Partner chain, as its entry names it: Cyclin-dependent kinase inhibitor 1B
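For reference, the chain that follows is the form deposited without the partner chain, supplied as structure tokens.
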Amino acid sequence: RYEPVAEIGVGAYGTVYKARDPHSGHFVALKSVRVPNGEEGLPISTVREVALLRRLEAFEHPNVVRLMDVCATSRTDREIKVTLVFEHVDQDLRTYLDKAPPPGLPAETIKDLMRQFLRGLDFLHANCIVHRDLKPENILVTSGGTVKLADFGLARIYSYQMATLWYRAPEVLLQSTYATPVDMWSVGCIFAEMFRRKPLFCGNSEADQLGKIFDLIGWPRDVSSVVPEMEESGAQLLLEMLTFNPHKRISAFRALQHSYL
């Protein structure tokens, strides 16, 4: 059994409490998801998607949180509650950036967090995984300097129970793409927030959210510059990220090998 003793908060994926692993001692992040108890028991999608994520642990990739256990519970004739047990970082990004010595830099903290960040992001993409909901609430960082991506692929789990526009790429929700480049956009959005320490193109409905973007950046439609806080190559790159067309757009792998080192 696990026992809770905090709450990282109310996230896109519900309440994320916090417990201890009795014998192991370590801290654990507990999430949950309600799924339908059909006549075929555990819904296929849930068994499969969940298991695809436990599998990932096999790689031991440091820039990604470890789903350590999973436990289903509720057995009402019509619902099941699946408890996701994760690896716990104490401080996420948002808290970790505030802290930072004004003006909140240098770069050999950013440059290397943008590196750790892009690694865990290419890995996922290697395993045919998209994050789609990439946030600094997520991007946890250990009291040791290791960034560890946060709540991946869970979009396809929470489809039931679900039934912040701050970071979504132009593809969403203008359509619903759920492509892989969607993460390369929200990298540029988080990329800047490292500097300014908060969201360019944040707030409001898809209209404004997507309107705000055509301010800077300029398939089409029918409605309505750089402004950099220190680097050129960081702009040369962050604009390759924040390209409109996802096809002619940067890759987490490409990115990691850009002159920006």
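Take the two forms, superpose them, and find the largest set of C-alpha atoms that agree within 1.5 Å; that set is the rigid core. Positions refer to the first chain, counted from 1.
There is another form of this protein, the form solved in complex with the partner chain, and it is not shown here; the text below is about that form.
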property: Heavy atom within 4.5 Å of the partner chain in the deposited complex - residue from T109, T83, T142, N138; result: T83
property: Position in contact with the partner chain when the complex is considered in the deposited complex, options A72, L97, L165, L113, heavy atoms within 4.5 Å; result: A72
property: The partner chain in the deposited complex: contacted by all of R20, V28 and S32, heavy atom 4.5 Å; result: yes
property: In the deposited complex, segment of 145-153, 83-91, 187-195, 99-107 with a heavy atom within 4.5 Å of the partner chain; result: 83-91
property: Contact label in the deposited complex: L238 to the partner chain, heavy atom within 4.5 Å; result: no
property: The partner chain contact at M68 in the deposited complex, heavy atom, 4.5 Å; result: yes
property: Touches the partner chain in the deposited complex: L242 (any heavy atom, 4.5 Å); result: no
property: In the deposited complex: members of 87-122 within 4.5 Å of the partner chain, any heavy atom; result: none
property: Mobile residue between this form and the one not shown, C-alpha criterion 2 Å or more, rigid core, from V130, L97, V85, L113; result: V85
property: C-alpha of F27 moved at least 2 Å between this form and the one not shown on rigid core; result: yes
property: Core-superposed C-alpha of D208 shifting 2 Å or more between this form and the one not shown; result: no
property: Shift in CA distance, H23 and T146, in the deposited complex relative to the form shown here, given it is 3 Å or more; result: closer
property: In the deposited complex, whether the C-alpha atoms of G144 and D21 sit closer or farther than here (change of 3 Å or more); result: closer
